[PDB]
Amino acid sequence: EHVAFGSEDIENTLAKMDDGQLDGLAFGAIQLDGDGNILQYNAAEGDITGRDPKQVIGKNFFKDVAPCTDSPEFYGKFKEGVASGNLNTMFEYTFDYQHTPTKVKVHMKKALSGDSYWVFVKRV
Ligand SMILES: *C(=O)/C=C/c1ccc(O)cc1
């Protein structure tokens, strides 16, 4: 899939993509509901993080999968965006829960329709 991390219209290009199409991206992509439950999780993300994309679907990202992100700098920004119904933030972060510390660039952006939210990830 020919889409660049950080592109202005990423939410339109990815909108309603099925699981298989999302696996074609060059960067990690997760779709969350407004409570943080994982709706989609692509192959590129699993390669970065070690998680098995099939097993994490349905888990809560902040409470279960990614406690290192349960902080004002990541979860706090997410929940503020869900509450306001708009989110578009890019920042670096280190993943270090039961894995070798890995620094990444994160882009969180509200999905175009409904009340869903993207978390995009690439290595830095
Ligand atoms: C910290 O606990 C981070 C964990 C994590 C980040 C991203 C993922 O896709 C999975 C787990």
Side-chain angles (χ1 to χ4, degrees):
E1 295 301 311
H2 311 104
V3 183
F5 181 97
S7 49
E8 173 178 1
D9 297 315
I10 191 165
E11 71 279 17
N12 290 63
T13 309
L14 267 56
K16 306 180 185 291
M17 266 193 180
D18 70 23
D19 288 357
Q21 293 165 307
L22 209 69
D23 288 338
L25 296 167
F27 52 87
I30 307 171
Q31 194 190 165
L32 302 181
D33 74 9
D35 291 325
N37 300 305
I38 300 168
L39 303 176
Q40 295 185 283
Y41 193 102
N42 80 344
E45 185 69 359
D47 289 350
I48 294 166
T49 71
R51 282 62 176 194
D52 190 329
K54 304 292 216 62
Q55 299 203 21
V56 293
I57 306 305
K59 299 184 176 177
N60 190 279
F61 186 79
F62 300 104
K63 189 178 186 188
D64 308 318
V65 178
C68 84
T69 74
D70 180 1
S71 71
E73 293 72 31
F74 194 140
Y75 184 37
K77 296 189 169 179
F78 175 87
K79 73 95 175 51
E80 277 301 296
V82 173
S84 78
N86 57 70
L87 185 57
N88 182 9
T89 180
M90 186 178 292
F91 57 91
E92 293 174 359
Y93 206 80
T94 295
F95 297 164
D96 63 3
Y97 178 65
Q98 304 293 79
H99 295 78
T100 296
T102 302
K103 196 171 197 164
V104 297
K105 189 179 298 195
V106 182
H107 182 203
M108 296 196 286
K109 199 173 190 182
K110 188 165 183 296
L112 186 153
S113 190
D115 189 54
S116 296
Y117 306 93
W118 295 106
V119 182
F120 306 119
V121 176
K122 68 168 183 171
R123 294 170 294 152
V124 292

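Count residues from 1 along the sequence. As the structure lists them, so they are numbered: ligands from 1, and atoms in each ligand from 1. The basis for the numbers below is simple: all heavy atoms, side chains too, and nothing from hydrogens, waters or symmetry mates.
- The protein non-hydrogen atom at the shortest distance from atom 11 (C) of ligand 1 is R51 CZ, 3.3 Å.
- When side chains are defined from C-beta on, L14 counts as touching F120, because their heavy atoms get closer than 4.5 Å.
- Any N or O atom pair closer than 3.5 Å counts here, and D96 shares no such pair with ligand 1.
- Heavy-atom proximity to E45, at under 4.0 Å, picks out these atoms of ligand 1: 7 (C), 8 (C), 9 (O).
- Counting heavy atoms from C-beta on, the side chains of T49 and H99 never come closer than 4.5 Å.
- A donor and an acceptor atom, one from each side chain of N37 and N60, are located under 3.5 Å apart.
- Each of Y75, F62, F61, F78 was evaluated against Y117; a single residue qualifies, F78, per the ring pair (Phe, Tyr, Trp, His ring centres under 6.0 Å) test.
- Side-chain contact between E80 and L87 is absent, with no heavy atoms from C-beta onward closer than 4.5 Å.
- Close contacts between ligand 1 and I30 involve ligand atoms 9 (O) [criterion: under 4.0 Å to a heavy atom].
- Shown in contact with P67 at under 4.0 Å from a heavy atom are these atoms of ligand 1, numbered in order with element: 2 (O).
- Atom 10 (C) of ligand 1 has its closest protein heavy atom at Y41 OH, 3.4 Å.
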**Message:** Please determine whether side chain to side chain contact (heavy atoms under 4.5 Å, CB included) holds for the pair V119 and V106, giving the CA-CA distance in whole Å, both sets of side-chain angles, and the decisive distance to 0.1 Å.
**Reply:** CA-CA 7 Å; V119 182; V106 182; 3.9 Å; yes

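- Nearest to atom 1 (C) of ligand 1 among the protein's heavy atoms is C68 SG, 1.8 Å.
- Atom 5 (C) of ligand 1 has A66 CB, 3.5 Å as its closest protein atom, hydrogens excluded (heavy atom only).
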